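The structure appears right after this line, and notes come after that.
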Number of protein chains: 4
Amino acid sequence: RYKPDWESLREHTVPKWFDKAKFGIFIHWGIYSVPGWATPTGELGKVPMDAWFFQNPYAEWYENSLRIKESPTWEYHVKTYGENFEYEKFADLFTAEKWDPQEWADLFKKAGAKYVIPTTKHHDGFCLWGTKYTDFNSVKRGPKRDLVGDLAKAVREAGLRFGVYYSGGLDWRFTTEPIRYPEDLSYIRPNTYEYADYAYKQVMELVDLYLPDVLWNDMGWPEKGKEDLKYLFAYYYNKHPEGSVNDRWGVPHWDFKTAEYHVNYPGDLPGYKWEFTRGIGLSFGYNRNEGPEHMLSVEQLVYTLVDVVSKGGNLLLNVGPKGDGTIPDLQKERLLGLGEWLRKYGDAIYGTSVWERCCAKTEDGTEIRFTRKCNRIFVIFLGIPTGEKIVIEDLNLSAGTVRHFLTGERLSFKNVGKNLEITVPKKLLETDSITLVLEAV
Amino acid sequence: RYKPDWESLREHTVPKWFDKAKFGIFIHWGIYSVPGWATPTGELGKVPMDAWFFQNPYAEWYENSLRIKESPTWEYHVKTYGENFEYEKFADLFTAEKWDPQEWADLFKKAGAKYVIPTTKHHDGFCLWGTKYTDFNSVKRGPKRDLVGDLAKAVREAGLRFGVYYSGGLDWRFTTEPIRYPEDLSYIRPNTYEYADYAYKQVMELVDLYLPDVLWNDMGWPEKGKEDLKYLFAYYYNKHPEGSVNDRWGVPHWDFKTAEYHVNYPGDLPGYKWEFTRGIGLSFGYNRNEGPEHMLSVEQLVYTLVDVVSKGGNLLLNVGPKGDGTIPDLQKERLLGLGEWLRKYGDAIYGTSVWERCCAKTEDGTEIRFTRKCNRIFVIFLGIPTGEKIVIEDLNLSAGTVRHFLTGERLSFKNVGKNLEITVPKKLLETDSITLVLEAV
Amino acid sequence: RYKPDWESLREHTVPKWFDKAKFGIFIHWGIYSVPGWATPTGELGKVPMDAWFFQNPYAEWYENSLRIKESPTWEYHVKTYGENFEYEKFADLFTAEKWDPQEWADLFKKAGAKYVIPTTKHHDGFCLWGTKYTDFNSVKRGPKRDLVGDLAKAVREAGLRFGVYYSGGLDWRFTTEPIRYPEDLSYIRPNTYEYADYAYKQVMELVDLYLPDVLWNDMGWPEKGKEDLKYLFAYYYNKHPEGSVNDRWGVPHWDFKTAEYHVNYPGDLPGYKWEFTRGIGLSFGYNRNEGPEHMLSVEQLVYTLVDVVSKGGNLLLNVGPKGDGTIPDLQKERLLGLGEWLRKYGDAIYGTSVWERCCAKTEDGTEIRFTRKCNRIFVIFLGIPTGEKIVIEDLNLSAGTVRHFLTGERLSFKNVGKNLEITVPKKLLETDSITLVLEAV
Amino acid sequence: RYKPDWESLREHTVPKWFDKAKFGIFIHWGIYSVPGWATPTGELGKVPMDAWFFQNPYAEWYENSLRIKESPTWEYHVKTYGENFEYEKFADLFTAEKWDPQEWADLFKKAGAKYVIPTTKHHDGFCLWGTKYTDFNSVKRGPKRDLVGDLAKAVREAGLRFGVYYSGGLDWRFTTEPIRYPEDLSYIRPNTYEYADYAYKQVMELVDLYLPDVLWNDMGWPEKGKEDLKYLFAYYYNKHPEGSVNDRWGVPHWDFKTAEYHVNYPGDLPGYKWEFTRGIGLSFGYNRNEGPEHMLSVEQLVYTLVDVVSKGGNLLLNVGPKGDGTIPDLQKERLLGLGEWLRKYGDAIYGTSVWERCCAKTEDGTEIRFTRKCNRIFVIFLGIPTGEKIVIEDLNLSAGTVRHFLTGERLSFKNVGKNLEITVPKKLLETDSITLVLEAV
Ligand SMILES: CC(C)[C@@H]1NC[C@@H](O)[C@H](O)[C@@H]1O
Ligand SMILES: CC(C)[C@@H]1NC[C@@H](O)[C@H](O)[C@@H]1O
Ligand SMILES: CC(C)[C@@H]1NC[C@@H](O)[C@H](O)[C@@H]1O
Ligand SMILES: CC(C)[C@@H]1NC[C@@H](O)[C@H](O)[C@@H]1O
């Protein structure tokens with residue numbers, strides 16, 4: 001039994017399933033997916049923040065962008081939907097006509113994912129379940145359906161874990177002015193006791209209805225409601241000890257940390273569980289303006305995943321579905337591509353632990369990542385060397401055997417000074433896909 | 001960009017327009033203006049506080065007075081409207097049948113005023129704009145009109161600044177017991193988190209709808225809502241840096257202080273901007289029981305204004321209109337009288353600064369006030385001496401010239417010991433109105 | 001770098017060396033060791049708390065007991081040292097004339113311990129290092145020696161980790177009234193800002209002088225100083241990431257929990273690292289009145305360690321040295337005995353992890369505990385069965401090889417229903433010592 | 001009287017003398033001035049902060065640098081003074097044998113300064129007055145003299161205002177670990193209630209002994225002592241209303257803001273009084289390694305002052321004296337040079353106000369700054385144009401007379417489009433020094 005106080009909640013550590021999962025699917029889906037439009041400006045951390053909100057590459061920020069007159073979104077909206085078309089009207093157009101939760105679940109499973117987390121309420125405040133605290137929801141409007149619950153049921157029947165994303169820190173139904181600068185986030189927030197109660201009642205509602213495996217909050221938690229989390233976390237863990245909580249609440253407790261390119265991404269081994277998140281594209285919500293050139297290739301997804309995992313993290317990859325419930329082909333192809341790689345190399349990923357070091361590189365610059373399972377060390381090349389002779393810089397092994405992972409073939413290697421040389425027959429090199437993988441015992 | 005914290009908000013100083021304005025018009029108008037009745041007991045600070053609330057001279061406190069059985073208001077009400085007539089019923093009688101916002105604006109402008117501030121919500125909680133947070137408002141009841149917005153538009157078209165008064169500290173729709181003693185104010189207040197949210201949402205609403213030049217709160221701010229003001233003030237100033245806030249919030253920040261006879265009235269020069277407020281009569285809301293004997297004369301208004309200004313303050317003069325929207329003749333005549341004096345002497349008032357001292361008096365007791373504009377010093381007599389020889393006590397001038405302000409005529413004067421003697425030709429003395437004014441360079 | 005806030009400090013998890021150490025030695029030593037006397041009443045949780053402080057079995061509480069007149073301690077003190085001998089005078093008799101820190105360290109190492117933690121300051125406030133914050137210390141009085149520093153050097157020379165115990169919660173140099181009842185602890189505390197500063201400064205000094213591997217506070221941290229720990233913990237971890245802190249500070253952070261018979265002792269597997277502590281006898285400080293009847297036998301010590309380890313904990317076993325610095329024979333014998341068992345079976349203890357369950361028992365009630373190392377599961381019997389046929393209740397092994405641990409001999413086994421039968425030749429059983437140990441892969 | 005609460009303290013605004021002073025002299029002087037050594041790396045905001053503390057260009061940070069072994073400072077110290085020479089020993093070498101406070105004051109006055117502020121205590125905690133709170137001060141050690149008091153008398157004899165700098169935020173007499181990275185500042189602080197008392201007591205003592213015209217704190221105020229400032233500020237203002245405080249306390253109140261190149265430097269007109277500070281060179285304390293290459297030229301100093309003044313600020317220019325109390329020639333030359341320009345053009349600087357805009361430039365890019373005195377607008381060119389025809393971009397004058405400032409000669413000008421043309425006879429241009437100055441009425 002957990003008690004409602006930070007010192008007692010510290011007894012809850014990240015559950016084993018999460019630590020072993022390594023790969024999950026994020027889903028940003030809502031009424032913003034209907035217009036599904038943003039200018040693909042660039043990546044966060046690379047686009048200047050004095051312009052970011054004025055040319056926001058996140059399609060799910062459509063409403064905020066629309067509130068900024070003459071932003072590209074405003075022009076687009078006016079020309080496409082007209083001035084007499086309020087954002088909320090998109091809830092009636094969000095019909096999810098072609099949604100099939102079992103197909104989604106089957107796809108996520110085939111992609112190699114072990115948990116799924118959809119946006120139950122994003123910044124626009126629209127709720128994707130039949131909440132009793134607002135009528136701005138999927139059961140009363142557009143879909144006429146409990147999207148969260150129906151997806152939960154499908155994800156679980158496919159054997160995957162199910163978490164929930166909730167925008168606790170922002171809700172545009174409680175503010176009128178848009179965020180134009182990063183600094184506006186320090187004061188343009190709901191700010192009321194009423195909003196703190198609402199956020200508390202809704203996350204408790206999600207806990208009671210769906211008992212999620214992960215509570216993924218975003219944008220911090222209302223300051224007036226922070227003390228409520230001691231009770232909410234105890235209430236939650238006492239009903240589901242294997243549940244978990246991310247680190248975006250702004251209180252002392254969390255089970256795992258979160259990182260993005262610009263924030264908290266480690267260069268080497270941290271001593272705590274974390275999770276890296278990013279979209280297949282530059283937006284989280286569907287953006288019809290994105291082409292393959294704005295997306296990671298299957299190879300980059302694999303490398304991203306390997307890097308993350310070798311550093312002790314899980315990858316939470318975001319998918320942005322359309323308003324009709326379909327997953328765009330460009331995204332689906334990248335998911336299947338990753339799932340194929342995982343079906344071959346999954347044993348060197350799932351259930352692994354970090355090694356003594358995460359990283360190395362060859363003499364000719366190919367990057368290498370390591371993962372471990374007891375006595376077995378997985379050596380994962382981000383790429384496949386062309387020549388059979390391979391020199392890994394600054395590494396020596398006290399193992400007695402190095403095998404080619406996929407074929408299981410013993411290989412010849414020797415510590416040559418401060419480096420490690422391994423001979424990989426070209427036949428073997430040709431059997432690998434995207435990554436040459438070795439196994440040392 | 002202002003940040004939501006007291007130290008950063010300190011960077012916002014009183015805007016120049018307010019400092020230069022000197023004279024504004026307060027308007028206490030609401031459903032209490034229909035019965036428009038109070039016993040004209042006396043001035044605040046002069047009437048004993050153990051009786052004040054039982055024989056309240058403020059007609060806008062009608063509801064509170066009515067809740068005190070057998071107070072004069074209760075007797076009056078029962079005899080006039082009857083016991084089966086609840087105070088709220090006055091909202092349906094408040095029809096503002098003869099209201100013309102442009103006439104009001106024209107009158108205020110002719111009176112010499114530079115800003116106007118109406119009660120958007122007084123203690124009775126009735127709102128004079130179409131707020132979405134209560135149906136007890138002017139758009140839904142009586143007037144069927146947005147009084148605040150329509151007046152805002154007129155005041156601005158006449159070139160005047162527009163502020164809003166809001167009763168943040170008291171709202172009788174949230175309490176049942178009347179205030180009978182000053183000490184009752186320490187505990188008979190809304191007190192709930194709900195009320196703090198409401199006050200916050202309504203002032204933010206006024207900011208978003210009308211973007212006022214002044215936020216004039218009264219009776220303090222709900223304790224549970226004080227931290228909200230850091231955000232509200234930043235939000236406000238970032239949309240209108242030339243806006244301003246009075247000092248009745250009970251938090252660290254304010255742009256100017258407020259004073260009344262009994263409170264904070266300076267005797268000499270303070271080092272900060274302030275504003276003196278009082279009604280033309282003894283009430284703020286219309287009181288049909290007041291006669292000329294309960295009101296300041298045009299002369300007393302002028303003297304009051306001069307004294308205030310010479311001490312660095314602005315005068316915020318209150319007008320109490322009738323339920324039909326007309327301004328009673330006694331008040332209108334006093335406003336025009338003041339406006340006439342200002343049209344002649346305005347250059348020695350508007351845009352001035354305090355001098356080294358505010359005050360002096362003649363050998364025969366006539367009071368004198370000073371104001372300044374760079375090298376010009378205005379010497380304003382509260383009255384017009386009868387003899388041509390004038391001896392100002394304890395004053396010497398290092399100027400090289402003293403002129404009669406209205407005619408511009410050079411005058412003969414000399415420092416005679418510790419006094420100053422000036423000869424003012426009787427012809428000149430006869431050209432002045434209410435105040436003999438001199439100009440020294 | 002760690003930051004001074006609980007959220008950031010949560011990133012520091014229990015260091016891997018502590019997790020793997022399993023066994024440490026506690027040392028309560030101080031001026032109270034000179035009289036070294038207490039009435040050996042019983043185990044905590046077994047003695048009525050209405051009498052506990054009056055017949056305190058803890059010799060280190062001598063001073064508090066001495067302050068309760070007519071306690072057995074007061075009678076003994078008066079008769080032995082005299083009514084005029086003030087407790088503090090024991091600091092002049094605490095000479096540690098026969099102390100050899102290298103001998104202690106070698107004994108602790110032979111005992112099988114991996115870390116050692118002496119009392120740097122217990123409740124009587126006497127400090128065993130040359131602290132600059134009080135003259136009541138071992139450098140200025142008694143030993144004329146830095147005992148903590150010399151012990152630290154020796155323990156480290158021996159290859160063991162070194163931590164410090166500090167009585168943050170109690171310091172009788174700041175109070176005059178004794179603790180008579182449990183409830184007295186809620187208010188007979190130093191209570192001042194001065195003491196909060198003093199505790200902070202002394203632990204900071206311990207960190208700067210000795211950079212201990214464990215900060216083991218006792219009796220809570222002064223309330224006025226709790227916020228300081230955010231800074232102390234960050235400072236400490238930033239200088240020594242592999243350092244650790246216990247859970248007796250009363251703030252949100254800790255790396256491991258502590259338990260005693262009556263407190264926090266788990267029945268099965270908790271999800272966090274914890275540590276069980278108890279003495280060899282009934283007191284922590286040396287008690288000349290204890291004989292073998294009041295101490296655990298070597299067998300009981302082994303069973304204790306095994307049970308704690310099978311449940312994820314470390315055993316922190318206390319030694320109470322005499323005033324001359326020697327360790328009594330009865331304690332030294334039990335230490336060497338435990339050390340011989342660990343030399344034989346250490347591989348089933350050190351560096352292990354918990355299995356799916358901690359416990360089981362045979363058909364004739366012999367208790368069994370499990371520990372794990374990757375694929376190897378160690379089955380430790382709390383005792384040595386007499387017959388070769390062994391039936392383990394409610395246990396089935398999906399292993400494929402069960403071996404006698406000491407000889408490595410393969411054994412015959414079979415999952416018979418909900419049980420597991422195993423035959424162990426008596427010659428193998430006769431080779432074991434105190435515990436039969438099997439190994440399953 | 002001012003009251004001890006932020007709301008009441010807000011009544012105190014920046015004193016008129018500070019607003020008009022425009023230029024003051026900062027003095028970093030202390031025991032660190034004896035070694036007077038640092039590696040002149042670069043300007044703050046220009047040097048990478050990951051190396052900053054390791055190659056600190058600030059000689060006054062000698063002690064912190066000395067605590068980082070293998071810093072250039074440590075190498076220099078060992079070779080010059082010896083490994084056994086503890087930093088504190090510099091207090092015995094700080095003799096100020098050639099110090100003449102009257103000479104310093106006269107130089108500061110000739111330099112054109114109106115106020116002077118010496119370091120009473122910098123981060124090393126050494127106090128330059130006979131404080132009763134520590135023996136580490138100039139009366140008991142080194143100079144055997146009250147330097148702050150003798151300097152105060154001299155500065156005032158010279159007719160200048162006198163303030164005090166105090167390192168409230170840092171005191172290395174309360175810490176042992178050096179600051180290596182910016183982040184270290186969040187926790188390597190005194191942190192105790194004792195230090196909070198100490199800082200309060202010392203500033204109170206400075207107020208009581210010297211009643212300074214400015215309290216210039218640095219590095220924030222200890223968190224546990226922030227509430228004390230309400231009382232300290234009231235106490236101070238009630239004894240000296242014309243006193244002032246800077247903005248580095250971390251509490252709601254301040255009279256003026258402070259800025260440095262990298263911090264708070266305005267691009268145009270802010271609405272509050274502020275002050276720019278920087279040294280003549282790259283260090284604040286004397287650095288024997290700096291030559292003319294690391295210092296501002298007289299021209300650059302003038303351009304600096306003018307720019308800061310046209311934007312509403314005061315320039316607080318730092319001088320770093322040697323350990324013997326003399327001011328190095330290179331700094332004295334630049335001071336006298338600036339003083340000669342102010343003797344010629346001071347009327348366009350002292351007692352001025354900002355105009356409608358601070359800035360403009362000529363067609364060939366000469367920068368121009370404006371200042372104002374009632375009707376007189378001063379047009380200060382940052383340089384002296386070579387040809388007589390001058391075209392000012394985007395400027396139109398509704399004046400009627402433009403005169404050469406130095407000679408008073410009336411000049412020919414014309415608003416030509418969005419620009420202003422002016423002809424300035426070369427004989428007038430040749431009469432100017434460093435800056436061409438015009439005057440428009
Ligand atoms: C990382 C991801 C969850 C993003 N968090 C910040 C949000 O503003 C954005 O829409 C998206 O949800
Ligand atoms: C000064 C004026 C604004 C008065 N403030 C106190 C109120 O109770 C009263 O009705 C009136 O508004
Ligand atoms: C467990 C052990 C460290 C005990 N803690 C409580 C103290 O009062 C007692 O003397 C002993 O140190
Ligand atoms: C601006 C000046 C007063 C500097 N403030 C920061 C200090 O660390 C530095 O030594 C110097 O005093």
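Chain labels A, B, ... are given in the sequence in which chains occur in the structure tokens; within each chain residues are numbered consecutively from 1, and ligands are likewise numbered from 1 in the order shown.
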Shell of 10 Å around ligand 2 (only C-alpha atoms and all ligand atoms), written as a PyMOL selection string: chain B and resi 26-28+57-62+119+122-124+165-167+169-170+216-219+248+258-261+276-279+283-285+316-318
Range 77-303 of chain C: residues DSSP assigns to helix (DSSP H, G or I), reported as a ChimeraX atom specification: /C:77-80,87-93,101-110,147-157,172-174,182-186,193-210,223-225,228-239,292-294,298-303
Range 74-79 of chain B environment, 10 Å, only C-alpha atoms, sequence neighbours closer than 6 positions dropped, as a ChimeraX atom specification: /B:35,37-38,62-68,85-87
Residue hits in chain B, query chain D, radius 10 Å, only C-alpha atoms, as a ChimeraX atom specification: /B:5-16,247,249-257,270-273,373-375
Between CA of residue 135 in chain D and CA of residue 83 in chain D, distance in Å (one decimal):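 CA of residue 83 in chain D lies at a distance of 24.4 Å from CA of residue 135 in chain D.
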Selection: 10 Å around residue 120 in chain D, only C-alpha atoms, excl. self and same-chain fewer than 4 positions, as a list in words: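 In the requested form, the answer reads residues 27, 28, 29, 30, 125, 126, 127, 128, 129, 137, 147, 148, 149, 163, 164, 165, 166, 167, 202, 203 and 206 of chain D.
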DSSP strand (DSSP E or B) residues within range 130-306 of chain B, listed as a ChimeraX atom specification: /B:137,161-166,214-217,245,257-260,263-264,274-279
Distance query residue 185 in chain A at most 12 Å, only C-alpha atoms, self and fewer than 3 positions along chain excluded, as an NGL selection string: (:A and (53 or 169-171 or 175 or 177-182 or 188-191 or 219-220)) or (:B and (3-4 or 231 or 234-235))
Near-range 414-423 of chain D list (6 Å; only C-alpha atoms; drop same-chain fewer than 5 positions) as an MDAnalysis selection string: chainID D and resid 388:396
Written selection (N, CA, C and O atoms) as a PDB file, in the first residue's frame:
```pdb
ATOM      1  N   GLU D 388      31.010  69.146 -43.916  1.00  0.00           N
ATOM      2  CA  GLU D 388      30.034  70.052 -43.313  1.00  0.00           C
ATOM      3  C   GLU D 388      28.579  69.714 -43.575  1.00  0.00           C
ATOM      4  O   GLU D 388      27.703  70.103 -42.817  1.00  0.00           O
ATOM      5  N   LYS D 389      28.301  69.027 -44.665  1.00  0.00           N
ATOM      6  CA  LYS D 389      26.918  68.689 -44.962  1.00  0.00           C
ATOM      7  C   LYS D 389      26.589  67.383 -44.236  1.00  0.00           C
ATOM      8  O   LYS D 389      27.256  66.361 -44.416  1.00  0.00           O
ATOM      9  N   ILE D 390      25.553  67.424 -43.411  1.00  0.00           N
ATOM     10  CA  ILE D 390      25.177  66.269 -42.640  1.00  0.00           C
ATOM     11  C   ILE D 390      23.726  65.902 -42.888  1.00  0.00           C
ATOM     12  O   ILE D 390      22.842  66.760 -42.839  1.00  0.00           O
ATOM     13  N   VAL D 391      23.489  64.619 -43.149  1.00  0.00           N
ATOM     14  CA  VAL D 391      22.146  64.138 -43.420  1.00  0.00           C
ATOM     15  C   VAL D 391      21.772  63.078 -42.385  1.00  0.00           C
ATOM     16  O   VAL D 391      22.367  61.995 -42.332  1.00  0.00           O
ATOM     17  N   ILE D 392      20.791  63.418 -41.554  1.00  0.00           N
ATOM     18  CA  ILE D 392      20.325  62.509 -40.519  1.00  0.00           C
ATOM     19  C   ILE D 392      19.121  61.736 -41.041  1.00  0.00           C
ATOM     20  O   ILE D 392      18.102  62.313 -41.424  1.00  0.00           O
ATOM     21  N   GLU D 393      19.244  60.416 -41.046  1.00  0.00           N
ATOM     22  CA  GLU D 393      18.174  59.567 -41.537  1.00  0.00           C
ATOM     23  C   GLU D 393      16.971  59.484 -40.615  1.00  0.00           C
ATOM     24  O   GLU D 393      17.107  59.488 -39.393  1.00  0.00           O
ATOM     25  N   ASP D 394      15.787  59.427 -41.214  1.00  0.00           N
ATOM     26  CA  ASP D 394      14.540  59.289 -40.463  1.00  0.00           C
ATOM     27  C   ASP D 394      14.388  60.231 -39.279  1.00  0.00           C
ATOM     28  O   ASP D 394      14.087  59.803 -38.158  1.00  0.00           O
ATOM     29  N   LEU D 395      14.596  61.518 -39.517  1.00  0.00           N
ATOM     30  CA  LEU D 395      14.453  62.488 -38.453  1.00  0.00           C
ATOM     31  C   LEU D 395      13.990  63.803 -39.009  1.00  0.00           C
ATOM     32  O   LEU D 395      14.553  64.310 -39.979  1.00  0.00           O
ATOM     33  N   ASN D 396      12.959  64.350 -38.387  1.00  0.00           N
ATOM     34  CA  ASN D 396      12.434  65.651 -38.773  1.00  0.00           C
ATOM     35  C   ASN D 396      12.327  66.443 -37.484  1.00  0.00           C
ATOM     36  O   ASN D 396      11.892  65.917 -36.466  1.00  0.00           O
TER      37      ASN D 396
END
```
Computed interatomic separation between CA of residue 368 in chain D and CA of residue 242 in chain B (Å):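 Between CA of residue 368 in chain D and CA of residue 242 in chain B the gap works out to 27.5 Å.
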For residue 290 in chain B: contacts at 9 Å, only C-alpha atoms, fewer than 4 positions along chain excluded, given as a list in words: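 What passes the distance filter is residues 37, 38, 39, 40, 281, 282, 283, 286, 294 and 295 of chain B.
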Option closest in space to residue 378 in chain C, from C:340, C:427, C:350, C:440 [counting only C-alpha atoms]: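 Of the candidates, the smallest distance to residue 378 in chain C is held by C:440.
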Atomic separation - CA of residue 225 in chain D relative to atom 12 (O, counted along the ligand's line) of ligand 4, Å: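 Result for atom 12 (O, counted along the ligand's line) of ligand 4 versus CA of residue 225 in chain D: 20.7 Å, one decimal.
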